[PDB]
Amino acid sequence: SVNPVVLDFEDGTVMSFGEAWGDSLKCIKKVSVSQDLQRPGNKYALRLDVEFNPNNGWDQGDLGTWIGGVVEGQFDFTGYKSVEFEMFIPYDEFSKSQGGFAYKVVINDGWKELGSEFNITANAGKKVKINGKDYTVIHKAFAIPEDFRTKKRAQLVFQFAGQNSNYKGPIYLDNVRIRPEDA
């Protein structure tokens, strides 16, 4: 009985993704919409140009979007049960990089972590070829807890943190969905 919120970038825009608060991007140096992953029925993705410093065990940056672009809006999560996303990292360059990275998916209403993973390296997830290039692909859904299935501050945050990584390159996000489907 609820309509999924589908952040697929298919309008050719960043769909309000950018800093979550002033100067939050940090290791994320640029946020843009890209056709690098263009393929049947999926023309655009969110490109995050990142730089991690290998001497830092937690080289953090925070990317936010407001649902509907409404800054400080609230969104009724009643009936929504998961947040799903796909993440893509060029395989060859990532494999050559040292260390790894962590990510978190958060609803920023008192900072509520939905899920996270640590020590991601190139052999995480699945290796997929898109436009002549291999990618590490992470595709997950995290639960929205029952106590958040109500009106909450409508900022979704993706945190990235280099963990002694020297990776300098893109990370892509696509198909970020707030879904009634269970995680």
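Residue positions are given as counts along the sequence shown, with the first one as 1.
Going by the mean C-alpha B-factor recorded in the entry, which is higher: 154 to 162 or 129 to 137? Higher of the two, by average CA B-factor, is 129 to 137.
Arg39's Cα B-factor: lowest, middle or highest third of the chain? For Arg39, the deposited C-alpha B-factor lands in the highest third.
Which third of the chain holds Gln60 when residues are ordered by C-alpha B factor: lowest, middle or highest? Lowest third of the chain for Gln60's C-alpha B-factor.
Once the chain's modelled residues are ordered by C-alpha B factor and cut into thirds, is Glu113 in the lowest, middle or highest one? It belongs to the lowest third of the chain when residues are ordered by C-alpha B-factor.
Among modelled residues of the same chain, the CA temperature factor third for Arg47: Lowest third of the chain for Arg47's C-alpha B-factor.
Would you mind ranking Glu86 by its C-alpha B-factor against the rest of the chain and naming the third, lowest, middle or highest? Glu86: CA B-factor falls in the lowest third of its chain.
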